[PDB]
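Just the one chain here, the form deposited in one PDB entry, laid out as structure tokens.
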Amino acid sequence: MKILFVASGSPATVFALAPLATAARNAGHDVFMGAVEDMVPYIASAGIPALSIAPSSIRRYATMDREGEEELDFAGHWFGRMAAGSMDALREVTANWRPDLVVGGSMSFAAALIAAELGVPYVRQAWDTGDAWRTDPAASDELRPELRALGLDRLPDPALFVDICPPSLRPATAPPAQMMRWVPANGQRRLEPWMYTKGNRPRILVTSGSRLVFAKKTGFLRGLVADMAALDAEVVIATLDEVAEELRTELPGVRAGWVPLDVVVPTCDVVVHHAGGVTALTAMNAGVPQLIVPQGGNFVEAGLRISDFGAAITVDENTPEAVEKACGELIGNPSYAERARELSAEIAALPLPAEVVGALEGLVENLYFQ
């Protein structure tokens, strides 16, 4: 069958959907994936046919409205405006290539709208362990004109929710879902021996994710690397190649640039990040403790669940003393790695993406979730 995947404005949203999209292609289905114009090379390099569904300028809707608790409301309205700006290209593509099913990420609201316009089932796939649905009332408010055309009062419930959240981190209030084993599918490069080999010292990976807006604030990574000086540890910076250069001149002896996280994370004692959900999943999957230094965003609450479970530490304040002490604890106290391995085991026990493709087939053949 024809399956349309709808990703968003950041590389992690492509990476989060690539296992289910490649699992569907491997089952013989015709799969296309769409995203913002500058995310198209990430889709193509994940080995998926790539569609541009919005110009890169649509990120202006993060600081502007359609006329020209707060974090939840803001994200719902931002992703809503991004969904609204993606409809023209999605309608043009689907008039020529009509999908039998549409799969969208957590906040890829245009997937919900195009599926309803086509009269085909809509599948929502969680792109992290955060509550995929917390931003829906704000998104429904933003998309009231598109929803009104379909005679809808709010975003419609998906025909199926595919969740990757392990049971120990899943809230009591979480909607029913087809569970799935999350697997990494991040951007790849030519591997160098340091990426898959470790030395005698513990290895600390520091990252601020794959969004250019976050990665450009190099002071965040520079400060975190400086905080680890007292530790006898090797520090590796995983960041965009476009911003790495500036970091290389400022920090001699520290590797900085794109390193496939799935390759290097199993060599790390600690993963230090900005509260990025897909980086959090990569660490949990490899049984690696993590240090979360929240820089706002909508994953902070879900990151606190990982900390409460004991597979991480969320620092109360970004101070050098708090960062170095937490890193020492994550390396030194074996309970953190023990809890991370328990989360890895929970993820491993969930249905494989190949098995979830069977649920999608059954859904389209009107056998399942009827």
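When you see a residue number, it is the position in the sequence shown, counting from 1. Under this definition, the rigid core comprises the largest set of C-alpha atoms superposing within 1.5 Å between the forms.
Stretch comparison (91-99 versus 167-175) by mean CA B-factor in the PDB entry places 167-175 on top. Looking at 351-359 and 6-14 together, the entry lists the larger mean B-factor for 6-14, computed on C-alpha atoms. Within the selection 217, 203, 181, 148, the deposited Cα B-factor values reach their highest point at 217. Within the listed group 194, 78, 109, 122, the record reports its top CA B-factor for 78. Ranked against the other modelled residues of its chain, the C-alpha B-factor of residue 248 as given in the entry falls in the highest third. The entry lists a Cα temperature factor for residue 274 that places it in the middle third of the chain's modelled residues. The entry lists a Cα temperature factor for residue 264 that places it in the lowest third of the chain's modelled residues. Residue-level temperature factors show residue 256 in the middle third of its chain, judged at the C-alpha atom. The entry lists a Cα temperature factor for residue 334 that places it in the highest third of the chain's modelled residues.
If you look for the form deposited in another entry, you will not find it shown, but the lines that follow are about it.
Once the core is superposed between this form and the one not shown, every option in 265, 123, 155, 114 stays below 2 Å in C-alpha shift except 155. In this overlay on the rigid core, residue 89 has a C-alpha that sits less than 2 Å away from its partner position between this form and the one not shown. With a cut-off of 2 Å and the rigid core superposed, residue 175 has a Cα displacement that reaches or exceeds the cut-off between this form and the one not shown. In the core-superposed comparison between this form and the one not shown, the C-alpha atom of residue 76 has shifted by at least 2 angstroms. Annotation for the pair residue 128/residue 183: C-alpha atoms recede from each other in the other form, by 3 Å or more compared with this form.
Compared with the form shown here, the Cα atoms of residue 10 and residue 171 move at least 3 Å closer together in the other form.
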